[PDB]
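Going by the authors' numbering, the first residue of the sequence shown is number 16, and it counts up by one from there. Backbone N, C-alpha and C define an ideal beta-carbon position, used for all residues, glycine too.
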Amino acid sequence: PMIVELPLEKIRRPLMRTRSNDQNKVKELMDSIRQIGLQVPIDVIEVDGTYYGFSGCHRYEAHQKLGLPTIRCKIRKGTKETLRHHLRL
Ligand SMILES: Nc1ncnc2c1ncn2[C@@H]1O[C@H](COP(=O)(O)OP(=O)(O)O)[C@@H](O)[C@H]1O
């Protein structure tokens, strides 16, 4: 697993419907990343040449509200089942 800087516009976020993000943690992470940068890269799954992200909601929102183009990611080659497992009620 190689850490890659992926643009924010390429990570599909299917769980944005459940975006109960506390702006306090978001702003704390914004300040910390603006200080020392992102330390824990988010988890991204590649399926059929498309990137999906289910964790790292606060970090993603912080990168968005900080005006940063890319974010560090640890990409895992995934299948249709691990993509379907995350999309199961
Ligand atoms: N530069 C950073 N400053 C502060 N926290 C960071 C940084 N990089 C990664 N993190 C991680 O962000 C997490 C805190 O946000 P959290 O809400 O848990 O993340 P998520 O976005 O997955 O919900 C911690 O697990 C922390 O290790």
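Cβ of residue i within 8 Å of Cβ of residue j?
{"i": "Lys-89", "j": "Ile-26", "result": "no"}
{"i": "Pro-22", "j": "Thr-85", "result": "yes"}
{"i": "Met-45", "j": "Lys-80", "result": "yes"}
{"i": "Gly-93", "j": "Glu-61", "result": "yes"}
Report the rounded CA-to-CA distance for residue i versus residue j, giving the unit in angstroms.
{"i": "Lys-40", "j": "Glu-96", "result": "31 Å"}
{"i": "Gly-82", "j": "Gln-54", "result": "18 Å"}
{"i": "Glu-76", "j": "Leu-98", "result": "21 Å"}
Determine the DSSP secondary structure at residue i, reduced to helix, strand or coil.
{"i": "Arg-91", "result": "strand"}
{"i": "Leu-23", "result": "helix"}
{"i": "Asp-58", "result": "strand"}
Rounded C-beta distance between residue i and residue j? I'm assuming under 8 Å.
{"i": "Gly-52", "j": "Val-59", "result": "That pair is no contact at about 18 Å."}
{"i": "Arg-91", "j": "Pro-56", "result": "With a Cβ gap of about 11 Å, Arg-91 and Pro-56 do not count as contacting."}
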